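The sequence shown runs 3703 to 3780, 3789 to 4139, 4145 to 4187 under the deposited numbering. Structure first, then comments.
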Amino acid sequence: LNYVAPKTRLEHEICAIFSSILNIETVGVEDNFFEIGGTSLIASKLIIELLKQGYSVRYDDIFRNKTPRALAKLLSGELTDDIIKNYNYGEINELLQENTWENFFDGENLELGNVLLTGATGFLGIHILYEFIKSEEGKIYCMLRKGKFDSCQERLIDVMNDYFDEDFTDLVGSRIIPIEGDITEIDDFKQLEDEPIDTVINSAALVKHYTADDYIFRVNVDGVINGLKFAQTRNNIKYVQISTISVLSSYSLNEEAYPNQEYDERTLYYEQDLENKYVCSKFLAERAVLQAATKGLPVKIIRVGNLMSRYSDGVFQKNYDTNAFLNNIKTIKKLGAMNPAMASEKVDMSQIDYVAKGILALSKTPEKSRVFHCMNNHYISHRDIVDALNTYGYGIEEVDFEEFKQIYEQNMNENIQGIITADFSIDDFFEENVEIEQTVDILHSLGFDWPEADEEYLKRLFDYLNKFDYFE
């Protein structure tokens, strides 16, 4: 064992908290929270307990400082960045400059053809498969692991029936081709090299905002590199990467070096804050995709936003409990209050069926149209959301900052888990400058407008979650 006795009284307190939270007889000062039985959700209880003792910490602190020794150095005052900065972005930026309304409008659209879809079992991927079945003519190969099933074919069929009213089982074997595979193993791509594949759509991703190890980089970066290598083995395979709008994460940390910076579909790197592991992995994937483009691969990067329930019927993902936006809303409901900054925060409600439709449409844009901001441009505020929630009788109120604090102080328990796992800190009290209009315009030219996230849609959404007593 690495058992080291704590020295200072602060270290003793943090060791004792670890041991009480995890129910471990003896915890040393160099015990890794996540190695000794801690999980990401128990980390939020850890944070709540440290806040109850009057320490100033937030959720990412326990991921960056995993032992009581490190946590005490933090609370008392004592390679990805190099990968990001050690790069010549000239050629990528030159390609980005071609991504204009003019080149979309003047260019020749590309054919989708037969699709290799990764991530078909996740929330986005299943709906891409749904829309492909419903609106496209070709074949779709879906790469997935067998999981708890006898075959990946049975697993895909089960997920399809989980999410759809229609039974599209009878298309499995004709339009839908299940492929046993894992994007993190490059050899799993070899079995596809003799298949008529025209477009790869890479929606497989690990979308945890905070993780204790580097598997997120294996799925989100190495898997993209492997898919790009597969695409490069032929001269006619488009590679469409599903990305996140969050790569435009902040104002430049070095404004002197990036003056008059815009944050649009022609922007990749401007020394924005890339410390978060998920944003960082997606950024590195984008850079790999555009690099391959500088070598001649046809590519698209489709940045998506706040992936929400279907417009048609309000159905959300199977693992409804893990969404950060919704858990923040849950906390607001539990406290029955939000302060004015919270109330005013705008959000896209990108309905997953329309996200998938928009991905399929943008995949057909001309070769120079490389990067899109595919999210619902009719932003709502948390007053809109709370107006919808209060029709259930929850009585949620917009309160002033001081009152919100009093209510927050009085709820140092499970009720604030939501905002805690979203890296909230009561002291925390740019995105308005992200532009998406070009993509709006292009989508409109393609026949696509976003449906408004009106009260009825929000009620559909909340009705679905209420079937699980989500707010209970």
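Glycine is no exception: its CB is placed at the ideal position from the N, C-alpha and C atoms.
Burial state of residue i (16 or more Cβ within 10 Å)
i	result
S3778	exposed
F3815	exposed
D4058	buried
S3953	buried
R3865	buried
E3847	exposed
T3828	buried
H3837	buried
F4145	exposed
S4019	buried
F4111	exposed
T4041	buried
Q3863	buried
Cβ neighbours of residue i in the same chain (closer than 6 angstroms, five flanking residues each side left out)
i	result
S3721	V3729
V3910	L3826, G3937, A3941, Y3949
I3719	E3751
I3889	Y3851, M3853
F4139	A4051
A4132	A4034, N4038
Inter-residue CB distance, residue i and residue j (contact presumed, cutoff 8 angstroms)
i	j	result
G3937	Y3920	With a Cβ gap of about 25 angstroms, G3937 and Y3920 do not count as contacting.
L3834	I4062	7 angstroms
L4180	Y4030	6 angstroms
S4060	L4017	6 angstroms
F4186	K4043	5 angstroms
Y4021	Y4064	6 angstroms
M4122	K3775	About 24 angstroms separates the two Cβ atoms, so there is no contact after all.
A4047	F4134	About 14 angstroms separates the two Cβ atoms, so there is no contact after all.
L3881	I3843	6 angstroms
Residue i at chain D interface by Cβ criterion, 7 angstroms
i	result
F4134	Here there is only one protein chain, and chain D is not present.
7 angstroms Cβ shell around residue i - same chain, five flanking residues per side excluded
i	result
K4078	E3808, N3809, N3813, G3817
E3981	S3962, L3963, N3964, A3967, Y3968
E3801	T4004
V4149	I3955, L3958, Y3973
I3926	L3916, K3918, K3987, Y3988, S3991
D3983	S3959, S3960, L3963
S3845	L4070
Chain-order list of residues whose beta-carbon lies under 8 angstroms from that of residue i (same chain, five-residue window excluded)
i	result
residue 3783	In the model shown, the chain runs from 3780 to 3789 with nothing in between, leaving residue 3783 without coordinates.
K3858	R3865
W3811	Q4153, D4156, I4157
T3769	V3731, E3732, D3733, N3734, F3735
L3748	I3719, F3720, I3723, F3735, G3740, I3764
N4100	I4106
Q) So does the region 3868 to 3885 actually touch the region 3903 to 3912, counting three or more Cβ pairs closer than 8 angstroms? A) no
Q. Between the region 4053 to 4063 and the region 4090 to 4097, are three or more C-beta pairs nearer than 8 angstroms?
A. yes
Q) Could you give the uninterrupted runs of the beta strand (DSSP E) lying entirely in the region 3810 to 3896, keeping only those of 3 residues or more? A) 3825 to 3828, 3850 to 3854, 3886 to 3890
Q: Assess, as a yes-or-no matter, whether the region 3755 to 3771 is touched by the region 3726 to 3744 under the definition of 3 or more beta carbon pairs within less than 8 angstroms.
A: yes
Q.
Pairs of beta-carbons, one from the region 3987 to 3995 and one from the region 3919 to 3935, closer than 8 angstroms: are there three or more?
A. yes
Q) Taking the runs of the alpha helix (DSSP H) that are 4 residues or longer, which of them lie wholly in the region 3707 to 3752? A) 3711 to 3724
(Q) Any contact between the region 4097 to 4107 and the region 3971 to 3985? By contact I mean 3 or more CB pairs, one from each, below 8 angstroms. (A) no
Q: Flag this pair as touching only if the region 4079 to 4088 and the region 4150 to 4169 have three or more C-beta atom pairs under 8 angstroms; answer yes or no.
A: yes
Q. Enumerated in chain order, which unbroken segments of the alpha helix (DSSP H) with a length of 4 residues or greater are wholly contained in the region 4046 to 4116?
A. 4050 to 4054, 4062 to 4072, 4092 to 4099
Q | Segments of 3+ residues assigned as beta strand (DSSP E) that fall wholly inside the region 4009 to 4046 | A | 4009 to 4014
Q: Jot down the residue ranges of each uninterrupted alpha helix (DSSP H) in the region 3947 to 4010, minimum 4 residues, whole runs only, in chain order.
A: 3987 to 4004
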